[PDB]
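A single chain comes next, written as structure tokens; it is the form deposited in one PDB entry.
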């Protein structure tokens, strides 16, 4: 029974734990070990994030949401990615109708982004 709890919802994105930064697609599966491990990464120099999450022994890659000035994945949108994560993580909501991934575990990387 010895691990941290979840948290950091109301923190900025720049003080998350799962926000690794600019990482390649291969590094994902080196970091994720548990079905439910996720991180958020940046693309190949595009201002566009990707959610990278291990499900059924396969590190899925979904571009982070963006509609307006929000992020929306199942239901409504939120002003921050980390705010949306919590309302997925505590609810176990499916990331897409096409793979039924749900958030469980957050790979820590520390707060020092790049």
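Residue numbers count along the first chain shown, from 1.
The form deposited with a partner chain bound is left out here; the points below concern that form.
The partner chain is not shown here, and in the deposited complex it never comes within 4.5 Å of any heavy atom of residue 32. In the deposited complex, at least one heavy atom of residue 63 sits within 4.5 Å of the partner chain. When the partner chain is considered in the deposited complex, residue 96 lines it closely, a heavy atom lying within 4.5 Å. The partner chain is not drawn, but in the deposited complex it has no heavy atom within 4.5 Å of residue 27. The contact residue chosen from 40, 73, 54, 81 relative to the partner chain in the deposited complex is 73, the criterion being a non-hydrogen atom within 4.5 angstroms.
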